[PDB]
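Asker: Structure incoming, see below.
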Amino acid sequence: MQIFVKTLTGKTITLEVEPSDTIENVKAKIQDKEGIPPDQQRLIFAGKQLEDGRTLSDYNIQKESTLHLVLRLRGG
């Protein structure tokens with residue numbers, strides 16, 4: 001039961017999520033590490049916008065399915 005996330009930063013940052021988890025919890029996990037609102041980030045899969053509030057189980061997400069995490073690294 002593994003999934004895979006690829007951040008726009010290129011750096012390999014991996015996570016462990018269950019089939020019963022919702023992407024809403026997953027986005028929050030990363031946003032918490034950065035202390036930013038989720039409005040500042042977006043997710044895209046199979047050329048479509050990953051809509052907030054869906055589940056891996058509902059969208060039939062398979063193992064090792066890539067998630068493209070796009071956000072703005074607070075710094076500068």
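With ideal geometry, Cβ positions are generated from the backbone for all residues, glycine too; neighbour counts draw on all protein chains shown. Here, each number is a calculation from the coordinates, and none is a lab measurement.
Asker: Considering the range 25-51 alone, what residues qualify as being of a type outside the set (S, T, N, Q) and either touching a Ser or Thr at 6+ places or on another chain (Cβ under 8 Å) or surrounded by 14 or more Cβ atoms within 10 Å (Cβ to Cβ) (or both)?
Answerer: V26, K27, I30, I36, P38, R42, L43, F45, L50
Asker: Counting only residues that are free of Cβ contacts under 8 Å to residues at least 60 places away in the same chain and crowded, with 16+ Cβ neighbours inside 10 Å, which one in the range 1-24 is nearest to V70 (Cα to Cα)?
Answerer: If we take residues in the range 1-24 being free of Cβ contacts under 8 Å to residues at least 60 places away in the same chain and crowded, with 16+ Cβ neighbours inside 10 Å, then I23 is nearest to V70 (Cα to Cα).
Asker: If you scan the range 37-70, which residues turn out to be outside any loop (DSSP other than H, G, I, E, B), of a type in the set (S, T, N, Q) and within 21 Å of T12 (Cα to Cα)?
Answerer: Listed by number, the residues that qualify are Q40, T66.
Asker: What are the residues in the range 4-26 that are part of a loop (DSSP other than H, G, I, E, B) and among the basic types (K, R), if any?
Answerer: Answer for the range 4-26, where residues must be part of a loop (DSSP other than H, G, I, E, B) and among the basic types (K, R): just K11.
Asker: Shifting gears a bit: Between a first residue in the range 39-67 that is touching a residue at least 60 places away in the same chain (Cβ under 8 Å) and a second residue that is surrounded by 12 or more Cβ atoms within 10 Å (Cβ to Cβ) and of a type in the set (F, W, Y), which pairs have beta carbons less than 6 Å apart while being 6 or more apart in sequence or on different chains?
Answerer: The qualifying pairs are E64/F4; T66/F4.
Asker: Going through the range 15-73 one residue at a time, which ones are of a type in the set (S, T, N, Q) and either within 10 Å of the chain's Cα centre (by Cα) or under 17 Å from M1 (Cα atoms) (or both)?
Answerer: Selection gives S20, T22, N25, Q31, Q41, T55, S57, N60, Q62, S65, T66.
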